[PDB]
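Okay, so here's just one chain, in C-alpha cells, the form deposited without this ligand.
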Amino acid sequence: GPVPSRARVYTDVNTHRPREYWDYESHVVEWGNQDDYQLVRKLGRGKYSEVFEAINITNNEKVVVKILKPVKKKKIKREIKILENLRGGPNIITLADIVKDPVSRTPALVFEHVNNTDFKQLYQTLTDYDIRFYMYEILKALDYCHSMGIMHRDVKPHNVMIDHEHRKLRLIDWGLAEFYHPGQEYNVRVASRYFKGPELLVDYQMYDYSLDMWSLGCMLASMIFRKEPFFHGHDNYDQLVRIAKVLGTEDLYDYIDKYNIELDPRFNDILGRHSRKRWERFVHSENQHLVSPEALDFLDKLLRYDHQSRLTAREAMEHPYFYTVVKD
C-alpha cells in the first residue's frame, strides 16, 4: 500500500497543544442572542449555508450571517472550534457570534463584514503590484493557520474577501478546514475542482498544509496569466489531465511512483503522454505586464505534483517575488 507522508513543517503542533484545542467533538458552543441580529438581504445559498447581510442592532454594525444547512454536529463544532482557535490571526475572518436561528433550528454563524468586490471583475484590474501585495496577505493567513495546526482545504478566489479601498483581505469559509495530525488519513473530497491538488485527484489521503499551497499556485497562475481558471477540468479526471498537459506526464508518474500510488485505470484512455511546458508558453501581449522572471519562478515552486516539494507558506513569503511589496 501507499508510502506514508508527513508535513515538513508544523508537523507536531497539535500533539503538543492541550486536547481542548484540537478535540473539536467535545467543544461546548457558547450561544449568543439571536435577537441581536436583523437580516437585511440574502446574498446567496451555497452547499452548506444560506448567507445574509445583516445588522447587529446592539452597535448598528453590518455583519454577515451564515445560517447553516442541516449538517453533522461534528462538522459544525469543527468549523466553530477552528474559527475560535484562529480568531484575531492575520487576515483570518472574525467570528463575531454564534446564535440559534429560530426558523431553521440550526446554528447561524455571524462574521465581521468585508466590503468585497467580485473576484471576476477584481482580477481584471489588479496591477502586478496589487497581485504581489494580495498574495503576500493571503500567505500571512495561510502561514498563521498552518502554524496553528490547521489546513484550510478550500483556498480559492471566492473564499478570499478583499476590500480594495482599504487594501484589506480576509480568508473566509473555514467549514472544510481540518486539524493536521501526522499520519492521519483525510477525505480527498475537499477543495473546489479547479483548485484541487494532485494528491486529491490521485486519492492520496495522507496530505497536509501543502494542499493549500497548490490551491494558492492555481490562483496565482490565474491572476498573472489572466486565465480563469488556469487548470480548467470538466470533471475530477479531466482536472488531472489538464494539470498533466502543463506539468507533463513523466513527473506525474514519478510522483505516484514515489508514494507507491496507482492511477485509476480510467486514466489509461485519457491521460496520454505530455512534456512539461515552460511557463513562457502562457505569456502573451495581454498578460506580459503581470509576468516577471520572479513571478514564474515562484509559481513553478508552488505548482509541484509532489506535495512535499512545494514551498511552505513561510518559505513563499521569503521569495524574491515579494521584494517589491512595501512591508509595514
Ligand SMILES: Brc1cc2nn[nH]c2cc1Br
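Heads up: residue numbers just count along the shown sequence, starting at 1.
The same protein also has a form solved in complex with this ligand, omitted here; what follows describes it.
Asks: So in the entry with it bound, is this ligand close enough to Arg45 to count as touching (4.5 Å, heavy atoms)?
Replies: Judged by the heavy-atom cut-off of 4.5 Å, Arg45 is in contact with this ligand in the entry with it bound.
Asks: So in the entry with it bound, does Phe111 come within 4.5 Å of this ligand, heavy atom to heavy atom?
Replies: Judged by the heavy-atom cut-off of 4.5 Å, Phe111 is in contact with this ligand in the entry with it bound.
Asks: Answer with yes or no whether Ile67 is in contact with this ligand in the entry with it bound, where contact means some heavy atom within 4.5 Å.
Replies: Contact check for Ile67: yes, within 4.5 Å of this ligand in the entry with it bound.
Asks: Does any part of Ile243 reach within 4.5 Å of this ligand in the entry with it bound? Heavy atoms only, please.
Replies: Because no heavy atom of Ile243 falls inside 4.5 Å of this ligand in the entry with it bound, the answer is no.
Asks: Using a 4.5 Å cut on heavy atoms, which of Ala141, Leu247, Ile93, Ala96 is close to this ligand in the entry with it bound?
Replies: Selected option: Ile93.
Asks: Are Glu84, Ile150 and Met206 jointly within 4.5 Å of this ligand in the entry with it bound, each by at least one heavy atom?
Replies: Verified in the entry with it bound; spot residues all out of contact, no.
Asks: For the stretch 25-52, which residues lie within 4.5 Å of this ligand in the entry with it bound by non-hydrogen atom distance?
Replies: Residues within 4.5 Å: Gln34, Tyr37, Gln38, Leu39, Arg45, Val51.
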